[PDB]
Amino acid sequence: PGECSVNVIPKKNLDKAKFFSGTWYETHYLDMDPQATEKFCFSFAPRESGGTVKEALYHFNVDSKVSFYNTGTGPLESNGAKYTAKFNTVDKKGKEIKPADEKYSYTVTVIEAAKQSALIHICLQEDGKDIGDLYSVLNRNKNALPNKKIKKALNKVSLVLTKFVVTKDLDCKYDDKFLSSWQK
C-alpha cells in the first residue's frame, strides 16, 4: 500500500504567523516510496486566516524540465500545526487551469520549526485513503542546512537526514515571483 507514516506528531504551539508567511524552500526530501526517484525541487507560500490555510505550491521536475503550479485550501486543525487541503492547478499568473478533483486531498503536518528551518510531512489521499507520503526539510534560504532541532525531530521517529535527497545539488529552476506575490 501507499500507507502514510505513523508517529507524525504536530509541533506543539507552532507560531502560526511566522510559519504561515513568506516563501519556504524544500532543501531535503524523503519520498517514502523508494521507487519515486524522479528529482524535484519544491517551494511554497502558505498562509492562514480564520482557521483556513491557503497556500501556493511550486514544483519543478528536474528530470523533465517542467514546472507546475497549484494552490491548496483547507481547515487548520485545533492543534494549529496540521491541515488537510484540496488543491487545484493554476498557471504562473495564478489563473486556474484545472479545477480541484474532489477525490484528492493532502494532509500537511508541521513536525518542527526552528530559526529559519522547518520539517513537514505530507500524506496524499484519494477518497480519504492513503496513497503515499513524504517528509521535507524546509528553509527560508535554498542553500542553507537545517537547524539541529530538525535533526532531533527526525531522530525521534527513527529517520536520519542522510537518507534524504538533497536539492541544492539539483539543477533547480524556481518561480519565486509566483510565491512572492501570493495573495498580493
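Heads up: residue numbers just count along the shown sequence, starting at 1.
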Legend entry - Stretch with the greater mean C-alpha B-factor as recorded in the entry, comparing 7 to 15 against 21 to 29: 7 to 15
Legend entry - Greater mean Cα temperature factor according to the PDB record, 153 to 161 or 32 to 40: 153 to 161
Legend entry - Selection by C-alpha B-factor (highest) of 78, 105, 89, 73: 78
Legend entry - Identity of residue with top Cα B-factor, from 118, 53, 57, 66: 66
Inset, instruction - Relative to the other modelled residues of the same chain, rank the CA B-factor of residue 47 and answer lowest, middle or highest third. - result: lowest
Inset, instruction - Would you mind ranking residue 141 by its C-alpha B-factor against the rest of the chain and naming the third, lowest, middle or highest? - result: middle
Legend entry - For residue 123, the third of its chain into which the C-alpha B factor falls: lowest
Legend entry - Entry-reported Cα temperature factor of residue 62, expressed as the chain third it lands in: highest
